[PDB]
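Residue numbers (PDB author numbering), protein chains in the order written: chain B, 30 to 364; chain C, 30 to 365; chain A, 28 to 364.
A virtual CB, placed ideally from N, CA and C, is assigned to each residue, including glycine.
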Ligand SMILES: OC[C@H]1O[C@@H](O[C@@H]2[C@@H](O)[C@H](O[C@H]3[C@H](O)[C@@H](O)[C@H](O)O[C@@H]3CO)O[C@H](CO)[C@H]2O)[C@H](O)[C@@H](O)[C@@H]1O
Ligand SMILES: OC[C@H]1O[C@@H](O[C@@H]2[C@@H](O)[C@H](O[C@H]3[C@H](O)[C@@H](O)[C@H](O)O[C@@H]3CO)O[C@H](CO)[C@H]2O)[C@H](O)[C@@H](O)[C@@H]1O
Ligand SMILES: OC[C@H]1O[C@@H](O[C@@H]2[C@@H](O)[C@H](O[C@H]3[C@H](O)[C@@H](O)[C@H](O)O[C@@H]3CO)O[C@H](CO)[C@H]2O)[C@H](O)[C@@H](O)[C@@H]1O
Ligand SMILES: [Cl-]
Ligand SMILES: [Cl-]
Ligand SMILES: [Cl-]
Ligand SMILES: [Cl-]
Ligand SMILES: [Cl-]
Ligand SMILES: [Cl-]
Ligand SMILES: [Cl-]
Ligand SMILES: [Cl-]
Ligand SMILES: [Cl-]
Ligand SMILES: [Cl-]
Ligand SMILES: [Cl-]
Ligand SMILES: [Cl-]
Ligand SMILES: [Mg+2]
Ligand SMILES: [Mg+2]
Ligand SMILES: [Mg+2]
Ligand SMILES: [Mg+2]
Ligand SMILES: [Mg+2]
Ligand code: NA
């Protein structure tokens, strides 16, 4: 009977090992000793995708933490999967990830993984389909459940804002800013320790609206998705890419913390190659140097052998080209 | 086939015996002879809950009208139940209630029983989940079906507005006022005889925004849900409670009619007792004294043996502590 | 797969499968073809695709009968939201593809009509068969516009059949709100295919265009809809002058400035099959509305070429004409010559 459906519960914080909260201070993330912190890690696939082939298991997190140098895993929660498993079940699996990550001393970014224009509720593909109501309810449920959990560090409100050339609606920063502020307010009402992560347009590439109209809330960070072909100089060299990246997103790191929550590449004739992820490989060192110099955090897309661009070519973790490259970067940074 | 689905029908007003319309005049409800009317009664449970145990029957209304002194029953229509039964079936059951109530000379308050913040479509619990679209459609359908029906006196638009400490959204009176005004316009386009009942924030406790920004429509009343622990005076007496009640909701009764559409208590150590309904029993006399001196209408929550605070222990109507108290209040008021 | 991550991205209609057929465009108050010649849409509604499928009447032979024997150059498809949901987008679009091929084979054009009745801003409607949301409406037009990019056969996107608040029982009718919402739909459509013709309707069931004099839709290439059923205008004395004047006041004036399509019109006898206000008439309306539209150069699609939905143009699927059917058949055959 519907009147017997129970009220929800909160994650048991006493079940966790000691782990520092991460906080925002100025343009930096800091730990609870005030030391500058950067998120460095990978995306994995949606929980439901992983479960379907029995790959949702602690051993995945152990591989990443022990052999790939990560301190962070981004979970791209697809709305269609949230519905298919159902909130109750999906949250039970996120609980597993919290325990696994906490045991390894690594952090999670929870990403509401839609692509499109939330104010008109139009999207790139049905797997990303959602509504304002459902998006708010997702964040309400997450915020309540993971109150006071240091492991869950960042709430990435809406993966990739885009109107696809205004075919989805009229992109309007004021409208999107207001909606983000509304989501932030629901979260902060419930847990002030979490870091909301806000994205710009052009699939989370273009932060330039914040130069004059930044989100008017404290404690937030900005996302950036600097895939190789987002910037399109004729002469492909460091100086030209840096000029273009500076203008569209890199400038943000001067004032706010930035997480490049997707980045990566595959050869133009490789597996799952498509605009804007095609590159000859020179992008790898370029984006890493750029982020290193600016102190930008990152999670590579994607530690999965099916979804592209892949970091691994099979579930024995055989590295792809970009996987081998980023593996060494992250291991060296962990050292 | 969908193109053969019929258009809706209106309730047959000739099926009813004579019963006065209730109307709003200034700060009072009145009947069709101008006599001041006070709604005094109870909530019963959602229709679907009652049907599930075969307790949706005229006998329930007879018990209340004959033995408990009520002149009003409030029906808390839960959105999840509206969906589960479906509109067509649920309306057929409301039609039964209308006939039963009319035959007994009592009135109905129809309550769209949600708890949360309709402008952001976020709620306390999924049983209350709704949308602006579904809420409008509920009122559209009700207004059409029950046109010119005196028995159905009050349309209580949204039971308990709350943002749960702004976890559901940012409470904003202007926005809420505007949405109620939109709903009222839909209703009044269809039936100007009905009384809309509008609620404030803090679970329909706080009407204070209306001091400066009242709903800009005539013929409405305001809800109040003055549970015992809503007001929290350090020193618990008539003076301090009356002052706090005055400030947040009682003042409204100076200017508009007010229905306390939920009130009641359970002893603090009682099975199932919770904030804000815990009380040592002194609230009963105090809230009744306050309401009586201000001429405030009321429907006790709840005449059900399961849903708390209960007025009865079982379906033989054994009164609970608050049940026994309010029964004697209502029987005495009916004789006055 | 039954796996959601394997669901393909959508595809566009194969424009190479089509015979040559001119695009129709808007220029001033006229429709024109690709030679610059003034074009007039003249044809009929048929029923919703799902209704027709249910009895195996969604057939090429229906389009052939109309094009070959009834003088039409246009068919309007009234896509009901409940049917969109019942068949599902993917399947419904596959059936629209059939219509595109049929119409192109015959050299005739389609008007695609998102066939709801009510007030989209509040998402409240006349009947559940018309029920929709802003989200679903936008998505319909997004999908349609993508699929039929660069397809001349598909000429007009009729955004929302019949705006009405039913005496403000559905919401407060408000031109500014409605204008803005139509502009929003147009922007999404134009971002995907600038060649299409959006068709915008006013209140009172797509009858009152008068608000456009000072508050027209602020986009180029727009046509306006009117549904001038016989009892919409109510002159005290029934004669040509009084009907023409009332028609010009509420909608016909629009044709002086913009192209207009009367996407529903027609009548039945007051004691006839399915008779109801506002479609009852003794027949004098037929010559009147045709004379008026021909003077103004107004395009039209009669409601409806179906034996079940009323007012009918035919009594059976052998195409035996009803009173209005025979009348309009003669008019359209003469106009085609
Ligand atoms: O079935 C089609 C195709 O799917 C490919 O995997 C997809 C990923 O490439 C895709 O990654 C994108 C992110 O979701 C976006 O946020 C970002 O804009 O772009 C990323 C790179 O495209 O994710 C989806 C799931 O969201 C995957 O389905 C397969 O690799 C490929 O084999 C297959 O043909
Ligand atoms: O299943 C949990 C619990 O349900 C209890 O019954 C509930 C009622 O107590 C509850 O009453 C509330 C009103 O609906 C609200 O408007 C008001 O704010 O607060 C009232 C409580 O003080 O109603 C719900 C249905 O809406 C009932 O489920 C049972 O009493 C209890 O035994 C059971 O464990
Ligand atoms: O089942 C009831 C009744 O349905 C009739 O068919 C309906 C059509 O008459 C109706 O046409 C209307 C248009 O849809 C509207 O846009 C316009 O305002 O009014 C038209 C009528 O004047 O369409 C619906 C589908 O939308 C049909 O169901 C049958 O003709 C009748 O026999 C039957 O009893
Ligand atoms: Cl519970
Ligand atoms: Cl576990
Ligand atoms: Cl964009
Ligand atoms: Cl803040
Ligand atoms: Cl009876
Ligand atoms: Cl509140
Ligand atoms: Cl406020
Ligand atoms: Cl008024
Ligand atoms: Cl109207
Ligand atoms: Cl207006
Ligand atoms: Cl334009
Ligand atoms: Cl009629
Ligand atoms: Mg946390
Ligand atoms: Mg484009
Ligand atoms: Mg009434
Ligand atoms: Mg008894
Ligand atoms: Mg076209
Ligand atoms: Na579009």
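In terms of beta-carbon proximity, residue 31 (chain B) lines the interface with chain C, with at least one pair separated by less than 8 Å. A distance below 8 Å separates the beta carbons of residue 189 (chain C) and residue 254 (chain C). At a cut-off of 7 Å, the beta-carbon of residue 36 (chain B) counts as near ligand 4: some heavy atom of the ligand is closer than that. Taking the beta carbon of residue 47 (chain B) as reference, no residue of chain A falls within 9 Å; the closest one sits roughly 37 Å away. By the beta-carbon neighbour count (other beta carbons within 10 angstroms, threshold 16), residue 174 (chain A) is buried. Take residue 219 (chain C), set aside five residues on each side of it, and the residues of its chain with a beta-carbon closer than 7 Å to its own are 172, 173, 176, in chain order. Looking only at C:103, C:95, C:159, the smallest Cα-Cα distance to residue 112 (chain C) is reached by C:159.
Cβ proximity to chain C below 8 Å picks out 211, 214, 215 from the segment 200 to 215 of chain B.
When Cβ-Cβ separations below 8 Å define contact, residue 149 (chain A) makes contact with chain C. A straight line joining the alpha-carbon of residue 67 (chain C) with that of residue 266 (chain C) spans about 26 Å. Taking a C-beta cut-off of 7 Å against chain C, none of the residues of the segment 296 to 317 of chain A qualify.
In the DSSP secondary-structure assignment, residue 59 (chain A) is bridged to A:52, A:65.
Boundaries of the beta strand (DSSP E) around residue 185 (chain A): 181 to 185. In this chain, the beta strand (DSSP E) harbouring residue 103 (chain A) covers 101 to 106. Relative to ligand 19, residue 96 (chain C) has its C-beta within less than 7 Å of a heavy atom. Secondary structure of residue 324 (chain A) (DSSP, three-state): coil. Listed along chain A, the residues sitting closer than 8 Å to residue 169 (chain C) by beta-carbon distance are 151, 196, 197. Distances between the C-beta of residue 138 (chain A) and the heavy atoms of ligand 15 are all 7 Å or more. When only Cα atoms are considered, residue 243 (chain B) and residue 280 (chain B) end up about 13 Å apart.
By the neighbour-count criterion, in which 16 or more other beta carbons inside 10 Å mark a residue as buried, residue 191 (chain A) falls on the buried side. About 5 Å separates the beta carbon of residue 105 (chain C) from that of residue 140 (chain C), a gap short enough to meet the 8 Å contact definition. The residues 257, 294, in chain order, have a CB closer than 6 Å to that of residue 312 (chain A) in the same chain once the five nearest residues on each side in sequence are set aside. Per DSSP, reduced to three states, the secondary structure at residue 307 (chain B) is strand. In the displayed model, residue 250 (chain C) falls within a strand according to three-state DSSP. Within its own chain, the residues whose Cβ lies closer than 7 Å to the Cβ of residue 270 (chain C), once the five positions on either side in sequence are excluded, are 260, 262, 315, listed in chain order.
Of the residues B:251, B:241, B:146, B:300, the one whose Cα lies closest to the Cα of residue 58 (chain B) is B:251.
The segment 202 to 214 of chain C makes contact with the segment 223 to 239 of chain C; the number of CB pairs closer than 8 Å reaches 3 or more.
In terms of beta-carbon proximity, residue 320 (chain A) stays away from the interface with chain C, with every pair separated by 8 Å or more.
If only complete runs of 3 or more residues are kept, the segment 214 to 277 of chain C shows the beta strand (DSSP E) at 224 to 227, 250 to 252, in order along the chain. Among the residues facing chain C, residue 184 (chain B) is not included, as its CB has no counterpart in that chain under 8 Å away. Residue 304 (chain B) has its Cβ no nearer than 7 Å to any heavy atom of ligand 2. Under the Cβ distance rule, residue 225 (chain B) does not count among the residues neighbouring chain A, no pair being separated by less than 8 Å. In the assembly as shown, residue 34 (chain C) is an exposed residue. Its beta-carbon has fewer than 16 other beta-carbons within 10 Å. Annotation for residue 145 (chain B) indicates a beta carbon at 7 Å or more from all heavy atoms of ligand 17. Inclusion of residue 92 (chain B) and residue 354 (chain B) in the CB contact set at 8 Å is not warranted, their separation being larger than that value. For residue 215 (chain C), the closest of C:246, C:237, C:240, C:278 by C-alpha to C-alpha distance is C:246.
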